[PDB]
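Below are the chains, spelled out letter by letter.
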Amino acid sequence: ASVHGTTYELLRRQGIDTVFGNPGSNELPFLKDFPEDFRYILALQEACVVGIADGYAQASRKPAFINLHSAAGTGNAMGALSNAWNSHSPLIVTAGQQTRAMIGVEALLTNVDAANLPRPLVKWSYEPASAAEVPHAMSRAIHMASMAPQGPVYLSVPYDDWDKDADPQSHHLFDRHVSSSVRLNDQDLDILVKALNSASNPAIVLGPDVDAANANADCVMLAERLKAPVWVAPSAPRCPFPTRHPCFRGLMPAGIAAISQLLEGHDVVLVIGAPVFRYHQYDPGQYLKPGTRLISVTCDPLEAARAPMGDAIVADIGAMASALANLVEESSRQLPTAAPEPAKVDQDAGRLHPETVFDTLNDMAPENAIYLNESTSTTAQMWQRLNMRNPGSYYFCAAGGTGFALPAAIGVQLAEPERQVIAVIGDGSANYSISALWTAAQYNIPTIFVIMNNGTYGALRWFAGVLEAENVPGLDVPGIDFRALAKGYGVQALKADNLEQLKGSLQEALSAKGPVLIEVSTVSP
Amino acid sequence: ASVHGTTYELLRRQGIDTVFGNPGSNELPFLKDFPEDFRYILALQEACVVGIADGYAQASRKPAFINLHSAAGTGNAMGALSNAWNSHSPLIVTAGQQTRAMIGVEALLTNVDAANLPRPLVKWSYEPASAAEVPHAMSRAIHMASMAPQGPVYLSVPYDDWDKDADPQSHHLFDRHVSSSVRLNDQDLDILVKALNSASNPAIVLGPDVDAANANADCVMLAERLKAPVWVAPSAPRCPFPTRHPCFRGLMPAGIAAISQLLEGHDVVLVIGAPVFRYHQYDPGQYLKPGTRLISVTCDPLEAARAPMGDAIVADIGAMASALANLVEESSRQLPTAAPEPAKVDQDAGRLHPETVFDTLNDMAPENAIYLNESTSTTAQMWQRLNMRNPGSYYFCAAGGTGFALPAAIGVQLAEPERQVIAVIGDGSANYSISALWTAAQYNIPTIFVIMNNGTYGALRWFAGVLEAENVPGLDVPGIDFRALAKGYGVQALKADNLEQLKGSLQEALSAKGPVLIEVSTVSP
Amino acid sequence: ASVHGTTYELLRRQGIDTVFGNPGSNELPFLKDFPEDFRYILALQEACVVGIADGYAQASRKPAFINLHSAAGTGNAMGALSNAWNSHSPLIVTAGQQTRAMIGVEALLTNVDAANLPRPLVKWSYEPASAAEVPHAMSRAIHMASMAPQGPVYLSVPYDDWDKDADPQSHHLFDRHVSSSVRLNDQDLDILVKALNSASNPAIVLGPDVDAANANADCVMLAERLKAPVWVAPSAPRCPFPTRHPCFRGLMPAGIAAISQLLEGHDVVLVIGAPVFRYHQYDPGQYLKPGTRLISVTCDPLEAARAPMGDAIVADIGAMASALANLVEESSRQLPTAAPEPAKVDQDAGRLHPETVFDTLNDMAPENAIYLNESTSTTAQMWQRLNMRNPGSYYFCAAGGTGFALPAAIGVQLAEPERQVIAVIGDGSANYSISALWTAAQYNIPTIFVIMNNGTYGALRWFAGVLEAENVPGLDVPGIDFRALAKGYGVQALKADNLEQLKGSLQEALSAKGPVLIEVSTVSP
Ligand SMILES: Cc1ncc(Cn2c(C)c(CCOP(=O)(O)OP(=O)(O)O)sc2=O)c(N)n1
Ligand SMILES: Cc1ncc(Cn2c(C)c(CCOP(=O)(O)OP(=O)(O)O)sc2=O)c(N)n1
Ligand SMILES: Cc1ncc(Cn2c(C)c(CCOP(=O)(O)OP(=O)(O)O)sc2=O)c(N)n1
Ligand SMILES: [Ca+2]
Ligand SMILES: [Ca+2]
Ligand SMILES: [Ca+2]
Ligand SMILES: [Ca+2]
Ligand SMILES: [Ca+2]
Ligand SMILES: [Ca+2]
Ligand code: NA
């Protein structure tokens, strides 16, 4: 067998059947004779390729396979890799290298010092020392991406390797099963459970690895047993809990002092599947108030090491959430009372308040919709106004890097063909990965894109006001016609200048058979 | 509080009470006002510092703390770090940096691009962005070294940081408890146990992480229940099993074909706490023969990813060994029969065969002796001839790097003051870290050093014969007087030119109140 | 031809005829069939291998070739590489890798992520993608080490590559000539010369790259023409000027304020072949006083970029010094007056003051002696008391890393067989690379080693007094018998407890036919 044949057999035997890619010269010997059982999803720029693959991996809860061109293609994807690192996304990033005989001379298209290029944003990065090693290196990449804590990996392959003879012993790779589905030993788990059972006023904080594990329902059981309020850890990349469950208390503010104040009076705070904590604004004060202790369950040693407070347990979130939910006592305390619905903001017949947009989406979208957020000044209102009952219902750029949601929404829609995806993206953020629209059109992936057009980088403008910063340049983005951009890439487009038009546009979009972009005129901040 | 006071409080609260070091100018602000409850162990070169700390950490089963001088001191230690990486040794390596105000100009003693220097041989490498961050960075280092898979970490600290004010919120670091003591979920563990129970001819292979976990006795129970032969994985850094137990079958040959032949006819091979596998010679063939499947339990994702065959489970070795030992059925098969004792090799009244040396050590040493091996051509005979009943009884350079055993034997003896340590080191290997002898003399650490003097790099000479390689230079090391070197560093020294003198020297050494070096004239290969 | 044959042909065609090494398993396929026209110099530990090669390269003014074993051997050498980086030493560091077929599994002796290991201490670091690339990669290593700014480079070679067929087009590598012997363009050089000619009170500062270029005599002509005092830049690794020439003013203090005060009243300060500046103690103040401007000529862009003041020219030091010496006008100012001889320090019939030692060496050594310094508390007195008339007469660890001088003195003596080398090394520093003594004995390289034994790390103790630091541990090194260590490695040894014995020992040592170590009892600080 050839290295080509052996590698595609390994991929299919390990459950991989889709290549997200943007091709080049070094990759044609890999992509030729493309197997009939595989799908190739083309995107027009590599940030888009990786964003689409990332949304697909996050929603599918399985690794996604990517093929990019050498250094320039890998480089174009590295902002997308920063988000993927923070979201623990299992991405197998492959890139083609020059033929081994011209690597030394640094021929055009040589990826120099290739494995160092995507560092520090990958768990493992490698270029094999010979063609016959390629299947084994691919096996390593698959497992490294997939073991907890999941994350992106990188493999560079000289183009001449694919046609070489494979090692016959590579067949031992095909069916390897690798598990990290582990939980705390019984003795120590009993100690943890007793601490939870004897807490007087416990609180629960959940992060994105809960949703990645599909541990959401176990966390609901846990919260109901403990009678405990539940918050989502700050800077949330995913939604780990039903947002209208009576225990839910919303998105935590991303500040040190704000969080310790919020937790004051809670004697035990159990954090599951989050860093402790992804603060953002610098809000100095106590990490925890006297009387509060913290216990973190995390899949990632790096998170356990860097927490500034609390105990930690490094284990699989699915296994730990299930064990805790099933072992804790039912507390006789009263179940928390649901948060009240948000107020309606006054809305005239002109430009839309973001609150109106979210309320209207909540009114009209299916109950199993999936939302993506890259409307950076409106995140708090989004979290208050969307009833997200099911797992896998929310994605936000985990490193804060814009350019994620537009492509990721396409990948999520590909992963979840029966759940309507609605990406709510600011006019600023929409440009970073605008060409991803073309992939939705070409493959007829029916994502709905809601562009919140207020003419400015509002989250930045707000922060400039916060620092009392005068004369900051570059904050306004006038003069973009999103309906024309959508037409450019073959996506149906609508415009909503007021609430009547927003309702009419959403009705059409929800009825449509393909992707749709709605440009919404929103209030300037 | 100062950063100095806060950092020593963190260290003591995390169980650290000893600094292994070789000082410099950038480290004096850390070492000043040295706390009365801490011990400083000086060694004269940094390979020695780290080797001593490594033996201490491996035998104690807890992290060891190291302080080195800037780039040159760190650099002198990097061969020792290669061994520590392979042995999963929890080493906290700190080095002093120039004052922040002259880092930019690259004053003498600046460690340029410091965190990159020890890569790729550390799990985590860092220099803090401000003085107040130092305690938090130290906390990260402690936990990163200590979580599974354990390993060395690196922290560079500008010398001016120590006298600065600490953050009052650093007190939350002091008592953090971080656990990685995890095992496979119940459902999947039951599947594994059923596979073991239904095996017709199981085999067990154990590696160094068994001994690191003190899982040895659980592995004995497991082997007795399953009625299974037990081998030690190749290139063994530790001894994970009693070597005269009836199930024991010795050290596996470090070759692909040799191992698959050895395992032929075993239907299930359970590997615990080893890479799969640390081969050495290139002995191409089948990874496993038809009819054999492999299951690996490893604490290290990197090991699970790179195995060329078998299933894997990434979990804590202590927790997994205990769970398996207690869950498997007692098989009705007959217990394996003990291996026969090794034959006595003919020995005249002249230079010693290595086999004679090992038999004599086995005859005379206490039953709880601890051996170290850096006599590289005699490892197979050592493994056959020493009855090692207890855990923590054997250490060998895990990366194959010479210069480990002499210093490590001192650290092991410091960790285990009631167990006599006997380091068996070739005349070649003894030179790499020869100055470590001084630390044994100064602190009166009563290690016995047995120098196997055959005048040559025998393991290399043997391999040159294997490749039929003529005219290889640099293989002979004549003209070293080890008794004079021992005198140079204050260690009592003896010479044994024949068996009568070997017995007499060992009797004296075993009676002595301090370290002793015995130079043994061994047969030339 | 094989890769082996082609690579040795490239080496000999590029002037390389000596391999400094410590062998291992991965290197035997390179070292076998060792060519008859090459020399192999064995040392017993890799810090020693690289130190010897470094002294040889620095004194020869040509690249030196090194062969080490995999990661552990490379790692053992990295403190030596820190010094080599600072001294711009042209070192070609090669290390053997595992056979390509087991790199993936990480067999014992695999150097993982090899090229990253010696970073950041090398100019270029590489492992070739195929066997046929090895000669081209070796060519790159040779030229990268040798082009300005010279420095160490690293090449990792899988052991199976050597026996493979070479590319017939590799013959084009053999005779390549690469030059960096460049100087500032005529127009700008004329501007510089006019600035020097019109200076009212110029000063010259010289660094180690002057001595590396053998630009010393040109710098003497330049100083005589300009009538300018000459200082050596701080932390000096080499001696760039005759120390009793009337212009010489000695070693600059390694402090910011001290240097600006020293230069006050000099209108133009021309620095040649030094960083600006290798400060050590933090002595904050003005970089230059009003009225002084600085112009630096450096071979190293990194030095030009990081200077905190002055203009810079990046060019070859040999070419620039020759051009300036020959173009400047003869000033009509009076030639500077020679510094007075140093005073005799009072000396009783007991332990030796360092000043006595240096005065006695100056009295007894040949005029063409070469000194090395690793007596770290006595550097200022050494610089005052040794008349060094010739180039290549002084070496000091350029990164401040101890363990350089003992091995380097052997390499220097090998490079300069007709100049007596005298290494003055403290009792502390002597231990770092003590095993290098064996190479001097085995090859009969007649270096004289003068061990200044005061029982302590005096340079550190002095600095602790400076910070008023109480309770610093690890500063004393009692209990080392250097005559026994010398006997251990086959070197003749003498002891000098007083001046009479010092004179008698030096007389013997100077008469001896082999290496000699003299242990000198010096006054405790
Ligand atoms: C790749 C990238 N570039 C720039 C930014 C900075 N950035 C920018 C440019 C933001 C403004 C996005 O504007 P928007 O129109 O999408 O939404 P708002 O008006 O609601 O903020 S928020 C933010 O952090 C970023 N996070 N990531
Ligand atoms: C740091 C380092 N340098 C060199 C080697 C190479 N090496 C060397 C030099 C060996 C010979 C050791 O000789 P010995 O006298 O200690 O023992 P034997 O004579 O029994 O081999 S075995 C081996 O792998 C190494 N492994 N590690
Ligand atoms: C590799 C390394 N380790 C440690 C040091 C720190 N160091 C040490 C240990 C010195 C003392 C050397 O003592 P000595 O006996 O050689 O000489 P003095 O007594 O004259 O200082 S000076 C100095 O910077 C260093 N520079 N390099
Ligand atoms: Ca509503
Ligand atoms: Ca906007
Ligand atoms: Ca016996
Ligand atoms: Ca030997
Ligand atoms: Ca004199
Ligand atoms: Ca001293
Ligand atoms: Na490095």
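Residues numbered from 1 in each chain as written, not as in the entry; some residues may be left out. Chains lettered and ligands numbered in written order. Part of a larger assembly, values for the part shown. Heavy atoms only, no water.

Novice: Please set out the overall build of chain A residue by residue, giving values where relevant.
Specialist: Counting its regular elements, chain A contains 20 helices and 20 strands. Over its C-alpha trace chain A gives a radius of gyration of 24 Å, about what one expects of a compact globule, namely 24 Å for 525 residues. Taking the principal axes of the C-alpha coordinates as reference, chain A spans close to 70 × 60 × 45 Å. Pairs at least 24 apart in sequence give 76% of the contacts found in chain A among residues at least 6 apart. Taken together, the 35 basic and 53 acidic charged side chains of chain A have centroids lying 3 Å from each other. (Helix = DSSP H or I, 4+ residues; strand = E, 2+ residues; numbered from the N terminus. Rg over C-alpha atoms; globule rule 2.2 N^0.38 Å. Contact = heavy atoms within 4.5 Å. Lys, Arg positive; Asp, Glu negative; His and termini not counted. Charge placed at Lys NZ, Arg CZ, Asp CG, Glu CD.)

Novice: I'd like a rundown of the sheet that holds strand 12 (residues 268–272) of chain A, residues and numbers included.
Specialist: Here 7 strands make up an open sheet; going across it, the order is 11(A)-10(A)-9(A)-12(A)-13(A)-14(A)-7(B) and the pairing parallel. Pairing within the sheet leaves two strands with one partner each, and these edge strands are strand 11 (248–251) of chain A together with strand 7 (178–179) of chain B. One ladder, built from 3 bridges, connects strand 9 (residues 203–206) of chain A with strand 10 (residues 230–232) of chain A; its direction is parallel. Its bridge partner lying in strand 10 of chain A, A:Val205 is registered against A:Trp231. (Pairing = 2+ DSSP bridges.)

Novice: So what about the nonpolar core? Which residues, and what values?
Specialist: Grouped together as the largest cluster of nonpolar side chains are 451 residues, with contacts concentrated most on A:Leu372, A:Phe449, B:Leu372, B:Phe449, C:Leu372 and C:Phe449. The contacts of B:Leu372, once residues within four sequence positions are left out, are B:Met382, B:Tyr395, B:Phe404, B:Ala405, B:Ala408, B:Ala409, B:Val412, B:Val421, B:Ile422, B:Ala423 and B:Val424. One finds A:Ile92, A:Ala141, A:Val157 and B:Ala305 within the second-largest nonpolar core, a separate group that totals 35 residues. (Core = buried A, V, L, I, M, F, W, Y, C linked by side-chain atoms within 4.5 Å. Buried < 20%, exposed > 50% of the residue type's maximum accessible area, 1.4 Å probe, protein only.)

Novice: Could you give an account of the pattern of salt bridges, naming the residues involved and the relevant values?
Specialist: Evaluation of the coordinates by the stated rule reveals 56 salt bridges over all chains. Residue A:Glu330 is joined to A:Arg225 by a salt bridge in which the shortest nitrogen-to-oxygen separation is 3.0 Å. Of the two residues, A:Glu330 is situated in the loop between helix 13 (317–327) and helix 14 (354–364) and A:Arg225 in helix 10 (residues 216–226); the sequence distance between them amounts to 105 residues. With relative accessibility at 29%, the residue A:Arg225 sits in the partly exposed group. With a shortest N-O distance of 3.7 Å, B:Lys227 and B:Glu330 are connected by a salt bridge. Pair noted here: B:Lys227 is in the loop between helix 10 (216–226) and strand 10 (230–232) and B:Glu330 is in the loop between helix 13 (317–327) and helix 14 (354–364), with a separation of 103 residues, a long-range link. The exposure class of B:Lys227 is buried, given its relative accessible area of 14%. (Salt bridge = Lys/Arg side-chain N within 4 Å of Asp/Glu carboxyl O.)

Novice: Run through the environment of C:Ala464, naming residues and quoting values.
Specialist: Residues and elements named next belong to chain C. Within the secondary structure, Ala464 is located in helix 18 (residues 458–466). Owing to a relative accessible area of 7%, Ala464 belongs among the buried residues under this scheme. Taking the C-alpha atoms as reference points, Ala464 and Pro446, 18 residues apart in sequence, are found 37 Å from one another.

Novice: Just give me the short version of the site of ligand 1, but keep the residues and values in it.
Specialist: Residues and elements named next belong to chain A. In the neighbourhood of ligand 1, 18 residues make up the surrounding shell, with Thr376, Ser377, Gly400, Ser429 and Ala459 lying closest. A distance of 2.8 Å separates an oxygen atom of ligand 1 from a polar side-chain atom of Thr376. Between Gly400 and ligand 1, the recorded distance is 2.7 Å, taken from a backbone N or O atom to a nitrogen atom. When isolated, ligand 1 has an accessible area of 600 Å², and the protein chains bury 77% of it. Considering each element in turn, the shell around ligand 1 owes the most residues, 3 residues, to helix 18 (residues 458–466). (Near = heavy atom within 4 Å. Polar contact = N/O pair within 3.5 Å; in protein donor to acceptor, adjacent residues only side chain to side chain. Areas by Shrake-Rupley, 256 points an atom, 1.4 Å probe, with all protein chains shown as cover.)

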